Amino acid sequence: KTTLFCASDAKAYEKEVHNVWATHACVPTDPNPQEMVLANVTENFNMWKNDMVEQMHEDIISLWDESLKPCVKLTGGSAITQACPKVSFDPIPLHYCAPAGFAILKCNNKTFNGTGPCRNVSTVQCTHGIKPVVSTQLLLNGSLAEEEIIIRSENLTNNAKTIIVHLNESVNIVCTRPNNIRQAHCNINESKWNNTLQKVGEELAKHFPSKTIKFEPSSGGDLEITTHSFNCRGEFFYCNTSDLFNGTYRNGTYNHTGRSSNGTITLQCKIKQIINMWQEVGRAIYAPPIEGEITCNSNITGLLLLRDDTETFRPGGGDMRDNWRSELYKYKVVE
Ligand SMILES: N=C(N)NC[C@H]1Cc2cc(CN3CC[C@@H](N)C3)ccc2[C@@H]1NC(=O)C(=O)Nc1ccc(Cl)c(F)c1
Ligand SMILES: *[C@@H]1O[C@H](CO)[C@@H](O)[C@H](O)[C@H]1NC(C)=O
Ligand SMILES: *[C@@H]1O[C@H](CO)[C@@H](O)[C@H](O)[C@H]1NC(C)=O
Ligand SMILES: *[C@@H]1O[C@H](CO)[C@@H](O)[C@H](O)[C@H]1NC(C)=O
Ligand SMILES: *[C@@H]1O[C@H](CO)[C@@H](O)[C@H](O)[C@H]1NC(C)=O
Ligand SMILES: *[C@@H]1O[C@H](CO)[C@@H](O)[C@H](O)[C@H]1NC(C)=O
Ligand SMILES: *[C@@H]1O[C@H](CO)[C@@H](O)[C@H](O)[C@H]1NC(C)=O
Ligand SMILES: *[C@@H]1O[C@H](CO)[C@@H](O)[C@H](O)[C@H]1NC(C)=O
Ligand SMILES: *[C@@H]1O[C@H](CO)[C@@H](O)[C@H](O)[C@H]1NC(C)=O
Ligand SMILES: *[C@@H]1O[C@H](CO)[C@@H](O)[C@H](O)[C@H]1NC(C)=O
């Protein structure tokens, strides 16, 4: 369509990499909110062909390649070495704004599944504040569904299409490596995981009716996708989810078949140094983990699943563009 720019709310004094990159490439955020409503102005969206997603993907790649410089980067035959200094790392919201002569349409149907027509469409200058959170399996620190859970997918009958489950009630996940230096663990509440997976199962049954829904651990692939992986305070966490995606949904009953304990599920995690880059096909070797207790307290605001007589779903991810899509679904650049 055109070239979108970014307005952040970053502070220049901050040594945090997100703030630095933003203040160099993002303009200041406009204080007054310019929004233009419309009642019957029907319009069509396709989150899966959105170009905003591609632009933000480019900018996030530029961020990570300017901020989390690896000790070594293996791309094909090349091996590039740089300084890999540890750095303060905490995502900051970024808004994507339409330049002059261009608008951003925003679908206001609280149940829009990302494909097709929208009843209530507004006109804005900037998207809401989006946090470029890189993760797999679980979507972290996102915005929730205002009404009920939504199931987004390009083709719900194509096993290959990644399913984005968009929740309406966040679920607390706490991950920590306290004072093996790469051993860490995560805790989630078994009761709230109950409710979340049971309601996701109800919706998934709305879409797949006869068959009984099943949640199973990640089939196979690189460690970065067979586990819930993410960056926390700087370090790369890889966490096991087999005690998380592990239940069955039959006649409105979701029985969780994962190993809980005292009411909380813990996940075993390793802090790996050889990362399989999401930006491009290559590897990145980073410096050994710092000291202190590294801990992140995150919200599970979404899921990435992949289907395969009953229907079974597994944690997926890896195309970091799906993360951006999960937030830019309700937007479209126009004019
Ligand atoms: N080749 C390489 N080195 N990267 C390719 C990317 C692109 C893609 C695409 C599919 C899609 N699948 C469907 C069809 C299949 N062909 C592939 C799966 C995995 C992947 C890979 N993503 C990752 O590696 C990744 O995200 N790492 C990572 C690192 C740090 C953190 Cl914090 C994190 F959270 C994650
Ligand atoms: C969230 O979605 C579920 C399933 O669609 C629904 O039962 C619930 O009432 C919604 N709102 C919540 C949980 O606040
Ligand atoms: C999304 O909703 C549209 C109608 O708005 C429908 O045509 C399409 O099949 C739906 N897709 C999914 C995966 O729910
Ligand atoms: C999804 O793929 C199936 C075949 O795999 C076929 O119905 C069609 O190509 C797609 N359906 C829709 C509604 O786009
Ligand atoms: C919900 O979580 C509680 C917490 O321990 C557990 O007792 C119960 O079995 C869970 N419910 C289901 C359906 O798994
Ligand atoms: C997760 O844990 C199970 C058993 O605890 C193990 O069989 C599986 O290989 C683990 N997966 C990864 C990626 O470590
Ligand atoms: C579910 O959890 C139990 C206990 O942690 C484990 O033995 C079992 O293999 C898990 N299910 C799957 C399908 O991995
Ligand atoms: C979190 O788990 C504890 C037990 O582990 C439970 O008492 C509490 O009710 C859970 N949180 C919510 C919101 O239910
Ligand atoms: C999510 O936000 C909280 C609050 O800023 C932060 O402590 C946590 O590290 C964030 N999680 C991720 C994965 O960025
Ligand atoms: C989780 O979601 C709540 C919802 O209001 C939000 O206020 C909070 O900042 C989010 N993050 C954490 C770490 O609680």
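Counting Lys +1, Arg +1, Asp -1, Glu -1, what net charge surrounds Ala184 among other residues with beta carbon under 14 Å of its beta carbon? Mind showing how you got there, number by number?
Working: positive: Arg177, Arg182, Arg233, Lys270, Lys272; negative: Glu235, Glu291, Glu293.
Net charge around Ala184: +2.
Considering only C-alpha atoms, what is the centroid distance from segment 10-61 to segment 248-266, in Å?
38
Just tell me which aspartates and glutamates come within less than 20 Å, Cα to Cα, of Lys69; anything on the same chain fewer than 8 places away is out.
Once the sequence-local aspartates and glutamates are set aside, what remains near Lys69 is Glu14, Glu16, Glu58, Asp59, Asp90, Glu224, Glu235, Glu280, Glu291.
Among residues other than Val334 whose Cβ falls under 13 Å from its Cβ, what is the net charge (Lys/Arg +1, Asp/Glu -1)?
Values: positive: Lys1, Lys106, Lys332; negative: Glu43, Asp51, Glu335.
Result for the local shell: 0.
Quick check: Cα centre of segment 147-164 to Cα centre of segment 268-335, how many Å?
17
Length gain on complete extension for the stretch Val37 to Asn159, per 0.36 nm per residue less the alpha carbon to alpha carbon distance? Walk me through the intermediate numbers first.
Details: separation 122, 0.36 × 122 = 43.92 nm, distance 3.75 nm.
Taking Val37 through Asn159 to full extension adds about 40.2 nm, to one decimal.
Going by C-beta contacts inside 10 Å, put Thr115, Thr301 in order with the fewest on the left.
Ordered by Cβ neighbours within 10 Å, fewest first: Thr115, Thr301.
Holding the Cα-Cα limit at 27 Å, pick out from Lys161/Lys270; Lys15/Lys131; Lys11/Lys272; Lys161/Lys206 the pairs that are longer than that.
Beyond 27 Å between Cα atoms: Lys161/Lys270; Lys11/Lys272.
Positions of Cβ are generated from backbone atoms using ideal geometry, with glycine treated the same way; all protein chains shown enter the neighbour counts. Bear in mind that the values in this text are calculations on the coordinates, not laboratory data.
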